[PDB]
*Asks:* 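Submitted below is the structure of interest, expressed as structure tokens.
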Amino acid sequence: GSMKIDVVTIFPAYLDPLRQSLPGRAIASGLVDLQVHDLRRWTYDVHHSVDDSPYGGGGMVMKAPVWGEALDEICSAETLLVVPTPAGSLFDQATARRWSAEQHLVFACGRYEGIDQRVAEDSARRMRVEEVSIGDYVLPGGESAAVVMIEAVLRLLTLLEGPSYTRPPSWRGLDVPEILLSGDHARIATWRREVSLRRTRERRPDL
Amino acid sequence: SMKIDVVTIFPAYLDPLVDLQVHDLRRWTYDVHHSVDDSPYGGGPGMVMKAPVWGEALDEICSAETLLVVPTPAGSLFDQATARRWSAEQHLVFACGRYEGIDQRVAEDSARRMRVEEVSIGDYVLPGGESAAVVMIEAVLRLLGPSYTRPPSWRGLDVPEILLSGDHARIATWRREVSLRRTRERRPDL
């Protein structure tokens, strides 16, 4: 019933705002345990080399040996290893709910052309592996995608939505819809479903 | 040079990130509690960010050439075409919402003097717009099949031999085949 999250990256400061944002008492009680690891800690050479030339022409690809050293130390059989990648299955709210029940999530953040495909293959012998994309757009690395996914999961532990309004009733000639000032909870609920439907058909005709 | 302004009650969340400036929305509050939110009309589970506070901020930051981006799960989907289109802008402003979001009249009033786009990075719910602004900005800034590298054999797994042949057309046809199986398995939505 606890959530342990490890993020492995060559830019560990990237996750500092997310870690500092977690409520102190969820961390102190051990209910959320977010740790960020510098992938370079598992290199051997003076250069702390994590990447190399792709086979078959290409940029750079992250090396499997360093990733294997890192994941051998961090993961166990219970781990769910998430590899943020544009070639992954789409992340959605159903995935966030599913991952919120997990005991250990590990986010392997790649840079450049991605991580050598053998990392996901070898890792799958000893843990679950999900290659996931947050959407059909290209990012420089997996870090911002890992922040999005961790945020969607943590929010659950710790038809498009319609418009929202607060004071004042009139503002720069724009008025709050009168139904919202009625106090009729069932009719407000009905109006809210209708505006959501109209907004969904206009902005997202796919679904 | 492109100007990017991000407006938020959590400026530190933009630290992981062309002239980029991050603004604390509370700077446009004048009450002792520095309030940005108030009760939703018609009730509901969360507070709504006030149009009086956002209007002051957008009057200060925006001009008629600004493209105002409002990250929201109710927006149109962000995609690579949007990132290419936004990379040619001179001024992008990201209005990051928290609580239930921003009073709808902020985007409506703003659209009278600037271009406004309400955008969602995907079909999932985040606690605020900050992490989505980071994703969209990264996808813009970088515009301004499986991969393998050495060694050839590792933990019993070998790199496909075709990749070491030097034949571009044969590598391309193998990459088309492997990319098609992957798309069928991972993207049924396509």
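In what follows, every chain begins at residue 1, and chains take the letters A, B, ... in the order their sequences are listed. In what follows, every heavy atom counts, from backbone to side chain, and hydrogens, waters and symmetry copies are set aside.
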*Asks:* Taking every heavy-atom pair that is under 4.5 Å apart, which of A120(A), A152(A), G173(A) has the most such pairs with chain B?
*Replies:*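 With the most close heavy-atom pairs to chain B, the winner is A152(A).
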*Asks:* Do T166(A) and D37(B) come close enough that some side-chain heavy atom pair is under 4.5 Å?
*Replies:*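 Not in contact.
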*Asks:* What's the shortest heavy-atom distance between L126(B) and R155(A), and which atoms?
*Replies:*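 Smallest interatomic distance, heavy atoms only, reads C-CD, 3.9 Å.
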*Asks:* Is there side-chain contact between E131(A) and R186(B), with heavy atoms separated by less than 4.5 Å?
*Replies:*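 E131(A) reaches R186(B) side chain to side chain.
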*Asks:* Tell me, out of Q117(A), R118(A), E151(A), who's got the most heavy-atom pairs with chain B below 4.5 Å.
*Replies:* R118(A)
*Asks:* Measure across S131(B) and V147(A) and return the closest heavy-atom pair with its distance rounded to 0.1 Å.
*Replies:*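 Shortest heavy-atom contact: CB-CG1, 4.0 Å.
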*Asks:* Taking the side chain as every heavy atom from C-beta outward, state whether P152(B) and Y55(A) have any pair of such atoms under 4.5 Å apart.
*Replies:*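 A side-chain contact exists here, since the closest heavy-atom pair is under 4.5 Å.
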*Asks:* Is any side-chain heavy atom of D103(B) closer than 4.5 Å to a side-chain heavy atom of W171(A)?
*Replies:* no
*Asks:* With a 4.5 Å heavy-atom cut-off, do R125(A) and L157(B) have their side chains touching?
*Replies:*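 Counting from C-beta outward, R125(A) and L157(B) do come under 4.5 Å.
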*Asks:* Taking atom CG of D123(B) and atom OG1 of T95(A), what is their separation to the nearest 0.5 Å?
*Replies:*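 Here the interatomic distance stands at 11.0 Å.
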*Asks:* With a 4.5 angstrom heavy-atom cut-off, which part of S170(A) approaches chain B: side chain, backbone, both or neither?
*Replies:*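 Contact with chain B: backbone only.
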*Asks:* If only atom types and distance count, is the side chain of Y137(A) paired as donor or acceptor with the main-chain N or O of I121(B) below 3.5 Å?
*Replies:*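 Checking the backbone N and O of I121(B) against the side chain of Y137(A), a donor-acceptor pair under 3.5 Å is found.
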*Asks:* How close do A87(A) and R182(B) get, counting heavy atoms only, and between which atoms?
*Replies:*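 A87(A) and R182(B) have their closest heavy atoms at CB-NH2, 3.5 Å.
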*Asks:* Find the distance between OG (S147(B)) and CE (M60(A)) and round it off to the nearest 0.5 Å.
*Replies:* 12.5 Å
*Asks:* How long is the span from the OH atom in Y13(B) to the CD atom in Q20(A), to the nearest 0.5 Å?
*Replies:*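 Rounded to the nearest 0.5 Å, the OH-CD separation comes to 10.0 Å.
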*Asks:* Decide yes or no on side chain to side chain contact (heavy atoms under 4.5 Å, CB included) for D15(B) and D16(A), but give the supporting numbers first.
*Replies:* CA-CA 9 Å; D15(B) 282 354; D16(A) 281 351; over 6 Å; no
*Asks:* For the interface with chain A, which of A51(B), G122(B), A12(B) has the highest count of heavy-atom pairs at distances below 4.5 Å?
*Replies:*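 Among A51(B), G122(B), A12(B), the one with the most close pairs to chain A is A51(B).
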*Asks:* Counting heavy-atom pairs under 4.5 Å with chain B, which one of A96(A), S21(A), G68(A) comes out on top?
*Replies:*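 The option with the most such pairs is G68(A).
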*Asks:* Do the non-hydrogen side-chain atoms of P168(A) and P52(B) ever get within less than 4.5 Å of each other?
*Replies:*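 Yes; the side chains approach each other to less than 4.5 Å.
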*Asks:* What residue, out of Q93(A), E143(A), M149(A), has the most heavy-atom pairs lying under 4.5 Å from chain B?
*Replies:*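 Ranked by heavy-atom pairs under 4.5 Å with chain B, first place is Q93(A).
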*Asks:* Just verifying a value: how many Å separate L160(A) CG and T72(B) OG1, rounded to the nearest 0.5 Å?
*Replies:* 8.5 Å
*Asks:* Minimum heavy-atom separation for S164(A) to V48(B), with atom names?
*Replies:*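 Taking every non-hydrogen atom into account, CB-CG2, 3.8 Å.
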*Asks:* Identify the heavy atoms of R167(A) and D38(B) that sit nearest to each other, and give their distance.
*Replies:*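 Shortest heavy-atom contact: CG-OD2, 3.0 Å.
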